[PDB]
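A.B. asks: need a 3D model of the sequence below.
(6 chains, ligands or ions: 2)
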Number of protein chains: 2
Amino acid sequence: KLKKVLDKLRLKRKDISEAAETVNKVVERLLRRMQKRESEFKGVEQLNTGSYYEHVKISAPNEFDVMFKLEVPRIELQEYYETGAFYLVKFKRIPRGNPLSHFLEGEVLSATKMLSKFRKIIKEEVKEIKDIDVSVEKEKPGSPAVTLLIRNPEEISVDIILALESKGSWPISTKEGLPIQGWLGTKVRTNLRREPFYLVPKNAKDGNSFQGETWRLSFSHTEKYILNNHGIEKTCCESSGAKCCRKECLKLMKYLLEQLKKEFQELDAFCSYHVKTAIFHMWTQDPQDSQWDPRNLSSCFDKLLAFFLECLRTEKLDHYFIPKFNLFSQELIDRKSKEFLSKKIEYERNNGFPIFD
Amino acid sequence: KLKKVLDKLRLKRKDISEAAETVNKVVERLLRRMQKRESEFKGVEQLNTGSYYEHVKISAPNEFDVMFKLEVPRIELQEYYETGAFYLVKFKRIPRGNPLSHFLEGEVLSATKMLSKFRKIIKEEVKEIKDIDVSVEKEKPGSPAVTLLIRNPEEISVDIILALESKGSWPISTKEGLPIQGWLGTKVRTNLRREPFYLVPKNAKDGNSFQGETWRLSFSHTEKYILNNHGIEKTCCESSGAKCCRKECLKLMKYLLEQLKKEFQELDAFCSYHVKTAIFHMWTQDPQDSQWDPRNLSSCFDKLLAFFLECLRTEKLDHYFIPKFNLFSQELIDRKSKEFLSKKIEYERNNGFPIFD
DNA sequence: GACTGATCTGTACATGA
DNA sequence: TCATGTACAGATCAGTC
DNA sequence: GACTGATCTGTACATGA
DNA sequence: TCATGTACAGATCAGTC
Ligand SMILES: [Zn+2]
Ligand SMILES: [Zn+2]
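C.D. replies: Residues are numbered from 1 along each chain as shown, chains lettered A, B, ... in the order given. Ligands and ions are numbered 1, 2, ... in the order given. For reference, the structure is listed below:
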């Protein structure tokens, strides 16, 4: 039933091999340039994130997320209002001439300036690539990335995400977040929150004050770890352990939403991170690996489905790391959208999921 | 029944507090001196091991194990025969004048010279302690340590173990060892074997060739990790998880052996590491946390007990990290001892464990 | 500007209810 | 079984050369 | 003598039986 | 469901300034 859908969604190792070849080449060139010519993004490091690197990419390997993170010492964050997600970045110490002085709009590190220079460098190096059909995509509003289109005959999109790495303790807005204590445990959560955190440009085009100096938190590293260490049992999905159907449900849900989005313009507010967040909450709700046995696929997928609908009905999907940040607020998504989606989803749920063809 | 015995074996937080106070003071002074006066053990670091730091110490806090580990780059090991446990230590690179040149008997690092200088320094600093009654114990044959007796009114013994730290990949004799793949998992084992390993002086007084240049492997770091991360479930014994009776069975077994040893001279070959190794094998055999529920204490303790007897009957207790190394060989322990122990143990097992009074 | 001691956060354990 | 206090452990921050 | 590229081991995943 | 081959990831070692 659903197993056949999962077969359809499976990536093919040939496609994977070629796409990965080309992609790795381009990425390596860009990183190296970002170090080489006496840049100010020298010292940047690489961190692969997203569905492809979590092995939850569906249909095709045509989307890649790569973080160019740069450690930026001695900073102080001023929370942008009480959003929990958004911050203004200040420095204690302008070191001397300082790489990042040119990226200052006061005491405040400007996300848009930094992003513009980043973009300029990337375009420059991309012009010098003669053996691969790679180009720079026009800037998308609300993106912290420079998106590359690769004609590896087939089209592949690569988000090169500019990030700031901070080894300090996580902002307060996350203190109640990451509620894995009953699922992955206390030692795990403690070790994860000991890790650095990351800030990417918000790059909203709304016309606000502090619009180009607003940064958003990112936890793609931690999400990667969770996707790859997802059981209560350490042997879950391991070589000497047993498979769950967690990743599978994430894939099915992702696909459902992708299709429902390609057919309806009413769902342009929705992205797969909503699905991911919701499923994090579900995995925290049903921690037991037994509650995610393959033989219970259909029911498991329904459980999640049910949960999601409730999130729409209550208009309440809390951010998994920032509990005060609601993702289904009226400010971000209109009621009408959520209701429309509840309708379509319910239909599909009561009709044997016709859309899966 | 056994719960009351575990109550008797429990340490008391006052005793713990005082003993720990004094002990930490002395240890800090010794480490600092080991760094300060222009030594050759400068750069040494501390690593607390053993029952006290695993929270499996029984009766009293009168025994402490502390490793002074020193990273020793660019070495090559020659396995002492096919023992798997014993090695001769050679250098690729005599760096220049080199700290450790004085500890060389050729190309071979001498364990006894190093241990002698270590001991000399420790005695020197111990003379300078005026506020605490601390002395150096006479060297024990087969010890890689300098043992301190502290009259903190009550007597406390502290083994200061000289160790060498190597970040290279683990010797081949351990390749089949650490068989946690079904219990803690594959990722765990892989990450643990990526860690450094340690060599302590064998310090046998047997009169062999290469007697004072023979080193023994140590895995007290890994054993510490296992004791503190002992479940298949990450929440085992955690604040938002459930208790097992693993540590409890280790304690009971430890105590049984301690008593049976204090009463009988026939069991001077036996140490608690045999108990620890056996229980590692049992935890690998019964990985499920459900197989270690508190309510199944008595039976669990019996299971272990049974296992141990079999190890004596077969005269086969493999080292947990070095599978080729047998601990119940005739070379190390006489049959008569193992049989005697089987007898006493069986008696206790069939008689409601009178010895526990 | 770089190295060492001081401070802070949280887990495991004892204790009291 | 559930709340309160101590040790241990690791990490970050503040102070000295 | 210090920094970067090359080599090696193992987990997760696709494929074939 | 179980054996074979590819990507990804981290670590150590060898080669260049
Ligand atoms: Zn799983
Ligand atoms: Zn446990």
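A.B. asks: ok, and for the helix or strand residue A:8 falls within, which residues are buried?
C.D. replies: Using DSSP states H and E, residue A:8 maps to helix A:2-9. Neighbour counts using 16 or more other CB atoms under 10 Å in any protein chain shown place A:2, A:5-6, A:9 of helix A:2-9 among the buried residues. (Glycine included, C-beta is placed from N, CA and C.)
A.B. asks: straight-line length of stretch A:150-158, end to end?
C.D. replies: With CA to CA, to the nearest Å applied, stretch A:150-158 spans 8 Å between its terminal residues.
A.B. asks: for that stretch, which positions count as buried?
C.D. replies: Buried-residue list, stretch A:150-158, by 16+ other CB under 10 Å: A:150, A:152, A:156, A:158.
A.B. asks: equivalent analysis for stretch A:316-323, please.
C.D. replies: Those buried within stretch A:316-323 under the rule 16+ other CB under 10 Å are A:317-323.
A.B. asks: just send the residues you listed back as CSV, with secondary structure and distance to ligand 2 too.
C.D. replies: Listed next are the buried residues of stretch A:316-323 as CSV, based on DSSP: H, G, I helix; E, B strand; the rest coil; distance: CB to the ion, whole Å:
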residue, secondary structure, distance to ligand 2
A:317, coil, 34
A:318, strand, 31
A:319, coil, 32
A:320, coil, 27
A:321, coil, 28
A:322, coil, 32
A:323, coil, 29
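A.B. asks: what's the farthest-apart pair in those?
C.D. replies: A:317 and A:321 (12.9 Å; CB to CB).
A.B. asks: dump whichever strand or helix holds residue A:78 to CSV, restricted to CA.
C.D. replies: Using DSSP H and E, residue A:78 sits within strand A:75-79. Below are the C-alpha coordinates for strand A:75-79, written out as CSV (Å, rounded to 0.1, in the frame of the first residue of the first chain):
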residue,chain,number,x,y,z
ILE,A,75,29.3,38.6,20.6
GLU,A,76,26.2,39.7,22.4
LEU,A,77,22.7,39.0,21.1
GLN,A,78,19.8,41.4,21.5
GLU,A,79,16.6,39.4,21.1
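A.B. asks: flag every buried residue along the helix of greatest length in chain A.
C.D. replies: Across chain A, the longest stretch assigned as helix under DSSP state H is helix A:13-35. In terms of neighbour count (16+ other CB under 10 Å), helix A:13-35 has its buried residues at A:15, A:19-20, A:22-23, A:26-27, A:29-31, A:33-34.
A.B. asks: any residue of that helix up close to DNA strand E?
C.D. replies: Yes. Residues of helix A:13-35 contacting DNA strand E under CB under 7 Å from any atom of the strand: A:13-14, A:16, A:32.
A.B. asks: any chance of the residues you listed in a markdown table, plus distance to ligand 2?
C.D. replies: A markdown table is the format used below for these (distance: CB to the ion, whole Å):
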| residue | distance to ligand 2 |
| --- | --- |
| A:13 | 40 |
| A:14 | 46 |
| A:16 | 40 |
| A:32 | 48 |
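A.B. asks: would you mind listing what in the stretch 101-250 of chain A touches chain B?
C.D. replies: A:181-188, A:229, A:232-235, A:238-241 (CB under 8 Å from any CB of the partner chain).
A.B. asks: which parts of the stretch 201-350 of chain A are strands?
C.D. replies: A:214-218 (DSSP state E, counting those that start in this stretch).
A.B. asks: what residues does it put near DNA strand E?
C.D. replies: A:228, A:237-239, A:247.
A.B. asks: same for ligand 1: which of those residues are within range?
C.D. replies: Restricting those to those adjacent to ligand 1 (criterion: CB under 5 Å from the ion) gives residue A:237.
A.B. asks: out of the residues of the stretch 201-350 of chain A next to DNA strand E, which end up buried?
C.D. replies: For those, buried by 16+ other CB under 10 Å: A:237-238, A:247.
A.B. asks: tilt between the longest strand along chain A and helix A:13-35?
C.D. replies: The longest strand of chain A (DSSP state E) is strand A:154-166. Taking axes from the mean of the first three to the mean of the last three CA atoms, to 10 degrees, one finds strand A:154-166 and helix A:13-35 inclined to each other by 40 degrees.
A.B. asks: which helix or strand lies directly C-terminal to strand A:154-166?
C.D. replies: That would be, after strand A:154-166 and using DSSP H and E, helix A:186-192.
A.B. asks: from the contact counts, what lies against that following helix?
C.D. replies: Using 3 or more CB pairs under 8 Å, 6 or more residues apart in numbering or on different chains; DSSP states H and E as the contact test, no helix or strand touches helix A:186-192.
A.B. asks: what's around residue A:281, how many residues?
C.D. replies: Using other CB atoms under 10 Å in any protein chain shown, residue A:281 has 17 other residues around it.
A.B. asks: how near is it to residue A:321?
C.D. replies: Using CB to CB, to the nearest Å, we find residue A:281 at a distance of 11 Å from residue A:321.
A.B. asks: for residue A:112, same thing?
C.D. replies: 25 Å.
A.B. asks: again, but for residue A:19
C.D. replies: With CB to CB as the criterion, residue A:19 and residue A:321 are 30 Å apart.
A.B. asks: same deal with residue A:290?
C.D. replies: For residue A:290, the distance to residue A:321 - CB to CB - is 27 Å.
A.B. asks: give the buried residues for stretch A:180-187.
C.D. replies: So stretch A:180-187, judged by 16+ other CB under 10 Å, has buried residues A:180-186.
A.B. asks: do you have the helices of the stretch 1-150 of chain A handy? List them.
C.D. replies: Using DSSP state H, counting those that start in this stretch, the helices of the stretch 1-150 of chain A run over A:2-9, A:13-35, A:51-54, A:111-127.
A.B. asks: do stretch A:298-309 and ligand 1 come into contact?
C.D. replies: No. If you take CB under 5 Å from the ion as the test, stretch A:298-309 misses ligand 1, and the best it gets is 12.0 Å.
A.B. asks: who's in contact with that stretch?
C.D. replies: Residues from elsewhere that reach stretch A:298-309 (CB atoms under 8 Å, 6 or more residues apart in numbering or on different chains): A:1-2, A:245, A:249, A:252-253, A:275, A:278-279, A:281-282, A:285-286, A:291-292, A:342, A:345-346, A:349.
A.B. asks: could you rerun that using 6 Å?
C.D. replies: For stretch A:298-309, the external contacting residues (CB atoms under 6 Å, 6 or more residues apart in numbering or on different chains) are A:2, A:245, A:249, A:252, A:278, A:282, A:292, A:342.
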